[PDB]
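Asks: requesting a structural model of the entry that follows:
(chains A, B, C, D, E and F, ligands or ions: 1)
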Amino acid sequence: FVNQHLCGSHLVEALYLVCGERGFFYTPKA
Amino acid sequence: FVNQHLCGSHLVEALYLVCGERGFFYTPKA
Amino acid sequence: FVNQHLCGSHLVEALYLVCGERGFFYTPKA
Amino acid sequence: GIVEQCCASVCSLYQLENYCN
Amino acid sequence: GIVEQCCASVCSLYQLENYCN
Amino acid sequence: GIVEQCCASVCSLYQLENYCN
Ligand SMILES: [Zn+2]
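Replies: Numbering: from 1, shown residues only, chains lettered A, B, ... in the order given. There you are, the coordinates:
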């Protein structure tokens, strides 16, 4: 696991991989 | 449904979701 | 097949399509 | 078209409903 | 949050482990 | 390599055929 530059859809996608069946919260500064 | 910034492949992908089995046309200014 | 601007994840993804079951090497300048 | 705006400015899914068959 | 940094700067997968349930 | 050009400039799928096994 290295340093990733993740923007937009690619970010919630990385969360899908890192959390899986645990689930996640996507809270961007509104 | 909010305002989306969609570029490149992410755009025809949003069309896939919005149209589905209806089908779509991808016409970018050439 | 036209000229594509491919960056980041979209690039290894284009390799998946172009190589398939042949396999590929992803070597970015480190 | 939408390709232009959806990328240069911003668009809505209801506007993308225009490009469907 | 992470949305901000993961895009403006850079983040690690172990930092993304924070947003899981 | 291609990573560099495919992103900084532009590349073709036939050039991506070079990175296959
Ligand atoms: Zn992208």
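Asks: now the residue in chain A that chain F sits nearest to. Nearest residue, chain neighbours left out?
Replies: Distance from chain F to each residue of chain A (C-beta to the nearest C-beta) is smallest for residue A:5, at 12.2 Å. Bear in mind the C-beta positions are built from the backbone N, C-alpha and C, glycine included. The shortest distance from residue A:5 to any non-neighbouring residue, by C-beta to C-beta, 6 or more residues apart in numbering or on different chains, is to residue E:10 (5.4 Å).
Asks: same check on residue A:10?
Replies: Leaving aside its sequence neighbours, residue A:10 sits nearest to residue C:9 (C-beta to C-beta, 6+ apart; 6.2 Å).
Asks: next one: the one you found from residue F:3, what distance?
Replies: 12 Å (C-beta to C-beta, to the nearest Å).
Asks: what's the longest helix in chain D?
Replies: Once chain D is assigned using DSSP state H, the helix that runs over the most residues is helix D:2-8.
Asks: flag every buried residue along that one.
Replies: Using 16 or more other C-beta atoms under 10 Å in any protein chain shown as the test for burial, helix D:2-8 gives D:2, D:3, D:6, D:7.
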